[PDB]
Structure formats: C-alpha cells, structure tokens
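Data block below; observations after.
Here the chain labels run A, B, C, D, E and F in written order, and each chain numbers its own residues starting at 1.
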Amino acid sequence: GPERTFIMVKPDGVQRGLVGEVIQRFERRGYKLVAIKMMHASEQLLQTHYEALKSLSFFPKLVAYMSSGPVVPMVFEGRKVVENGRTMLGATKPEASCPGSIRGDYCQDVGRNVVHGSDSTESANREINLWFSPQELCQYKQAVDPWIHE
Amino acid sequence: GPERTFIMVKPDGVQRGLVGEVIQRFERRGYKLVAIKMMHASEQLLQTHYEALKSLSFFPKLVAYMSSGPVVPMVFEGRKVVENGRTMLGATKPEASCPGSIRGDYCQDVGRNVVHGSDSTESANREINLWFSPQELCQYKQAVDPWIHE
Amino acid sequence: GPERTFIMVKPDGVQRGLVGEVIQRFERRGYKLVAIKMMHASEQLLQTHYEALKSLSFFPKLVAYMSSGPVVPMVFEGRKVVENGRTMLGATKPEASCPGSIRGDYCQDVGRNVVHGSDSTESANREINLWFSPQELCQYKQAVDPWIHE
Amino acid sequence: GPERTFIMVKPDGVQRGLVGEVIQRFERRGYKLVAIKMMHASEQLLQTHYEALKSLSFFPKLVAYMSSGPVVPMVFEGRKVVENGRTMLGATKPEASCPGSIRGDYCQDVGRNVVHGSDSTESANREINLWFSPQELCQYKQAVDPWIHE
Amino acid sequence: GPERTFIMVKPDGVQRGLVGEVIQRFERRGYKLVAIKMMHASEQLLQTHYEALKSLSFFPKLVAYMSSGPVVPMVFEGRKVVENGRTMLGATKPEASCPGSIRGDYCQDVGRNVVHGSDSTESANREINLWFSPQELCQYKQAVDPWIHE
Amino acid sequence: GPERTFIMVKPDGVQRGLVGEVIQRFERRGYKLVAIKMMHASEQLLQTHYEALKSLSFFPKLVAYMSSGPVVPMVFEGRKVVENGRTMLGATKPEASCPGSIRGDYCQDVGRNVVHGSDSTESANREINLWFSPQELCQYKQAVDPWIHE
C-alpha cells in the first residue's frame, strides 16, 4: 500500500487514561504511527465519519456523544494493519470480545467501547483523508523493518 | 441490578501471589470492588458453596483442597459482570483457555486453576450472600461511571 | 516476628482502581497477605488510627475525607516488611517520591496519595490490632519460603 | 494555573516504539493530555525551541538530529506537572537516571534519551505556545478530578 | 513424562528484544525452564530441525533466514506444556492469532513470527535432543509444585 | 569496547520465575544479549567466580547455596552496560534498593537477591571468560543501533 488504518480513541478512552495503552498495542506489534492529534470533533465531521449509520435510530445520540469530549484520531501503517487492527480492538460488543483485546480488557458497554478502528481498507483510506490533511501524515523508514516483515 | 458476581482466589492463587492480579483484571475493566476478605474457609461453608457438586466422585477431595490454605472471596459490580467474569477467568480447563484469560495466562491443571467465578446471576446472588453478610457489602458511586456505561 | 505491616488503600485508591496494583507490589516482593477487607471506616476508628495527629489543624479534614468512601485495610508479612513498605509506597509528598514507588507512579497531591503504610514496627502492631481481630489474621506456610529468605 | 508542561517524544523514541509508553506514564499519574501531534520539526522551529543552547558547540548537531525523523510534541495538565515531569523523565544522562524513570528504564546514551520535558514553568509556557496554536489545546473536566487532588 | 517442549526465539525475536518476554510467558504459567542457550544455528542443524519441510519450495529460503542472525533455543517442562505452548504462541499466521498470544501481540508477517514451538510430543522429544545434549538439560524440584498441579 | 557485563540469575531467581524479567529489563534498555545458558554451577567454578570473597566467613555457605539449584549466566552488550547493570539490579541489600530496581521490586533478603552483576569492567571481562568460551559469545548488528547511541 503501504497499508494504513485509522484508529480513534473515543471520549471515554481519553477520560479513562487509555490513550497511551491503545498506541502501545499497535507499537508493540511493529506498526508505525504516522499521524495523531487531539481535537474536539465537530458534529459535521462526525456525521461524515459515521455516514454509513446516518439512517439508523441511534445516529443522533452517537454523534452528540462523540462530540461531548475530546478524541484522539491517529493513523498506523504496516502489513495487514486494517484486519489486525479490528482483531486487536475486539468485538464491537465488549461481552463478545476475547480477553487480550482492547475492548475485552477495558470495556463493559458497547456505547462506551473506548476506541474506533476502520473496518475495511476502503473505509480506512476514506477516514484517514477525512481526519488528516496530507501534510499531517509523516513518513519515515523504520529501522526494524527487515525483522518485522519478509 | 446492579449486577454483581462472586470471585474467589483459591489456595493456589494465594500461594502463587496472584491476588492483586485477579483484582486488577476486574478493576481495569471498570468493575467496582464491593467486598473482599481473606479467610480459612470451613468444610461446612465449602460444602454449601459447591452443593451442586455434592453427588460427584471428586467432591470430598475438592472440599478438602479448598480448605487446605487461605482463600480470598470478593464481590464485583457492573454491567454484564457475571458473563464477563466467566470470560475473563477462562475455560475451567486451562488447556482450553485462551491466552489473555486468567487461567490461560497462569494455569496448567484444572485442579489448580487459581480462581472461582459465579456461572450465572442466580449463582452469584446465592454465593455473595453465602460468603458475605449485608454489612460487608460496601456501596459507593464511581466517579468514572458516565464513561464506563451509557 | 514474624514481621508484619499494615497497608490501607485510601478512598482515592479505591475510586481509581488501584487496589490490585498495591497488593501486587507486595506480592511480587514475596510478602504474604495475611488479612484484607473492604469497609466504610467510621470517624471513631479513624480518630484512633490517626491519634498521633489529633492535635494538628488538618486532622478533622483528614478524618472526614478518610470516611468519605470505602477503604481497603490489609496486612502483609515478611522480612523487613515495615521499612520496605515505606520505601515501596514512596515519600508522603508525591513530588518527593521516586518513580517506581506507588506515590511516584500514581499520585500528584499529598492529600490524595492513594495508600497508607505503617511507619514503625510499634505503629504496625497497633494498627493491625486496631483494624483486625485476631480471627481475621490468616496463617499459612509459603511454599517459596526457602527461596525468599535465608 | 492550571499547571501544564510540554513533553516531546524525540526521533529515537518514535523509532523504538515508546510513544504510548511515555503517554501512559503521565496518564497513570492522573495527568490530562490536552494536545498532541506527530510532525517533522523544521530547523527553524528547533532552533527556537533550543534557543538557550544556541551558543554551544553541540547545537548544530542537536538541531540536525532532532529534524532527522518525526517527533511527537504533546502537552499535559495537572498539579506539579512540570517538576513531576522532570522526575518521571529522569536525569538528562541515562547513567545518572534512577530505574523507574523513562531514561533509566529505556536509554543508554544522553544523545538518544527518547523524550524532552520542560525544565520550568516559564519554559513550559513558552514551549507550549511555540509548538501549539491555542486552537489545538483541548479542555475537558476530568471525572476523577475529586480523587486526584484536594 | 515429565512433559517437555522445545521453544526457540527466531532471529527477529532476538533483534526486537523479545527473548525475556517469551520466557516470562512460560514462567508465569508455572512452567520450568530446563535448558537455554544463544547460538548461531548452522545450515545443517536447521535442515534437520525442519526436515519435515525439506520438500517444499520455501525451505531453502527458510533455512537461510534462520541462520541469518542468532537464535535462542530453550526447553520448558510441565503439565500439557506442548499443547499449551502452541496456544501461547498463537496461530502460525499472525493475522489468525488471537490477542494475548505471542504472535497476536507482536507479529504481522508469517515469515517474521518471532518464535518456534514443538507441534507434538514426538516432535518435542526429537527437537530437544537435536539442539541440546543431555548434560545441558537441568533438573530441579520447583517449590510451588504442589500449587501448580494436583 | 564494545562494553559487556556478566549477569547471572541465582537459584532463587530461577525458582521464583524471574529469568525472563531480568532479561527483559536489559532488552528494553536496548542492550544486546550475546550469550546465555542454564547450568548447575560447580563448587570449583563458584569458588573462582567469588575468589575476591574467599577469605570471608560466609564464603563456604555462599558457594554451597549457589550450587544448590540451577543458575542462568548471561552476557549483555552496550554503552555503559556495566555501571547501568549495577543500577538496574539495585543495592546488594534489598532494603537499601530503590523501587524500580530488580532487588527493590522482588527481594527482601540479601542472601536471596535473585541476580548477580559485574561490579567493574575488569570484573566483567574476567567473569564473562570464566563462564563462557569464546565460541558461545554471539555477534550481530542491532538494527536499532542508530537510535540507541550517537
């Protein structure tokens, strides 16, 4: 690609002091952080982020909650990072999440499940460009590259 | 409920220095500790605790083992805490337990599997009241409550 | 002695989900847990606990704060456990605490410093007996004993 | 203030996958993240950041190194965060750093010491405003606030 | 048996500083380390180690990679250690590995999957004797033995 | 040098499952493992290892204890690794050790203090060559080298 995924710590993950933990789970798997910021996300941005859900009953409540406190959008790079990101986050519903996953370790409620992650490569490219301008995406050559992929 | 489950560190979990680890796995998922104590559990208490097993060949051996060293009964409170407790503990048999679970991380033998957890809400209410008097159950309002459930 | 010290997680340590962490720091140093409970501590108990401070301006405020939410008293056993307990907790003032200590890792304010620990063997014996009846103190022989002391 | 300090993961901390670890050390002490970003820092920015060092022999080499790969500037908020930040980072020279500090845990060379932190409140205010526009500084009320300071 | 399995940190696990982590995952499950060494493995040794794969297209490339940097062979002892070793390592393919497993936590590429583990008791006995002479296998009685198995 | 130090997990560190933990503390500081093995150390080897102590009353008891169960000698390489090794291990006496050090985190008795480390570069060269033949010392180029030292 290089393959990239969009990860976002939600307002409850910020409140509960889990930003570094989410980042560390990607770093220890050898994934490269290429962008990050903390922001108050606007209603208009969140409506576009969740546009696939705009027809559903819970969409207005989700958009208001996601603007009720700061969030931390970020972008990770590496092999199979989209599908591995989804596994590392765990099932949407925490009670279906296996331990070792972020939601299985930290969450008890689907509406407070700490972190968002792209569900497909097409979604990831859309979300990365929605939240970050190209100038915010940093590029570097990871020294351990020969030892993390063949 | 508020929903509550009964968790008990078994004599081997005490010996192996895993009491804090069991507690921390519930705390980091946002669950509230509401009771805890260390005790030598009597044969009569353990026979009542395991009354569903009283007809089985291994019951006398289980009751003697569970009174052979101190145990740490405790009670946790939060959404889906009974079913999530069972997932966090792992399969009864450690070799069937996924890593990330307590028994998958620490155990190799079903008869030394570190920790007990209620299997149903009806069992949890029975076990909580069997091991703790109402005066031992503490109540407080968790400050992070708005960020752990909706 | 066997030497024993009294450790108590304060209301802020309970709220912030640090009970298991405090316990684990003693367990991994080979210390034996011999008693623990969660309780709402009464004004009368806390006045006796802090009787050395009864003449000081901040005593009424300290006693009210220490009864404002549940606490977790506990007792640990092993060689040099009183003096090592004080080192493991860190300076009273978090800003004077070295990292690696509980208060240096988790605290920013002397009035919210998570955990209490006996300052002398005479204080420890007094505090243990103040908070626990003899029947609550459990005794067992630690299997790793030959490898934790000579 | 509210008191704030500027923390920056240096290019070697990014390469070595330590961004989340630095963040987590501040979060677990109850400090609030209020800004963060990943960027390629320019020579002009770094010369201003290090203006106190502009007369010294190693300044050109330091500025070139600090622009040789991406960095992660960030801002933390809470009581005594400037002086506690310096303690948490450890001595400038890793060999003088106590274990438990970031540089004592991860570093072996003063020129690759992973992370920068403000040395005074006057430096912190200058550095925060140098690296972040006011619109990038987020504000929220931490739910655990009553339990982290008095 | 006593049952034993062969575990080997591959060249990428050495480079990425994961030797202690692999060892610790077995130790915390109560397994006994009975042999370990760091070596440059020769082509002839690796061809014998992987003799089941000698007919396959990727065998020469695998043998050259496995001799391209030092490896850490080791031997662990305890109940069900072969089958539990395979679960703890995770699926061969990291993207099929559950979090909590070594490859699910640290790996993104099947050709850089950090660690080898015996797939059967017959393979384990063969591999142990291939990499270690009998004099390198140490024997001791684990003090916690009564608390890790019945 | 390249500078190297000799580290040895003592019989109590093996029993207590701390081998991986000792290794991980050096790895996360960027130090290179260059040799390791598990062995039953003979009286003659240990008398030579501790020859500086041969005149002292406790020497025979120390030599018998150090041969009473397997040990794990090892060798680490990197900048200032001898002096940093001593800091990471902590004071000889655990009660004088700061938290964050190995002995401050895990030990309560000077005669069961888990791990040995060279006290000087002259001692390190002697001890490395006493415990390892030159063929056991592995050499490789660490990919992160440009980011761990200047």
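Everything below uses one rule, namely that a contact is a pair of C-beta atoms (placed from the backbone, for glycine too) under 8 Å apart; a residue touches a chain by one contact, two chains touch by 3 or more.
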Seminar exercise, completed: A student comparing B-D to C-D should find more C-beta pairs in contact for C-D
Problem set entry | Rounded Å distance, chain A centre to chain D centre (Cα mean) | 24
For this session: Go ahead and note the Å separation of the Cα centroids belonging to chain B and chain E.
Result: 33
Problem set entry | Rounded Å distance, chain A centre to chain F centre (Cα mean) | 42
Seminar exercise, completed: Contacts with two or more other chains occur in chain A at residues 15, 25, 28, 30, 98-101, 104, 143-144, 147
Exercise. Mapping chain-to-chain touches, which pattern fits: line, ring, star, complete or other?
Worked result: other
Exercise. Which positions of chain C touch chain B when the two form their complex?
Worked result: 14-15, 17-28, 30, 33-40, 69-70, 72, 136, 138, 140, 142-143
For this session: Note which residues of chain C are touching chain E in the complex, please.
Result: 143-147
Problem set entry | Residues of chain F touching chain C in the complex | 11-12, 15-16, 65, 94-95, 98-101, 104-109, 111-112
Problem set entry | Interface residues, chain A side, partner chain E - complex | 25, 28-31, 78-81, 83-84, 87-88, 90, 98-101, 104, 144, 147-150
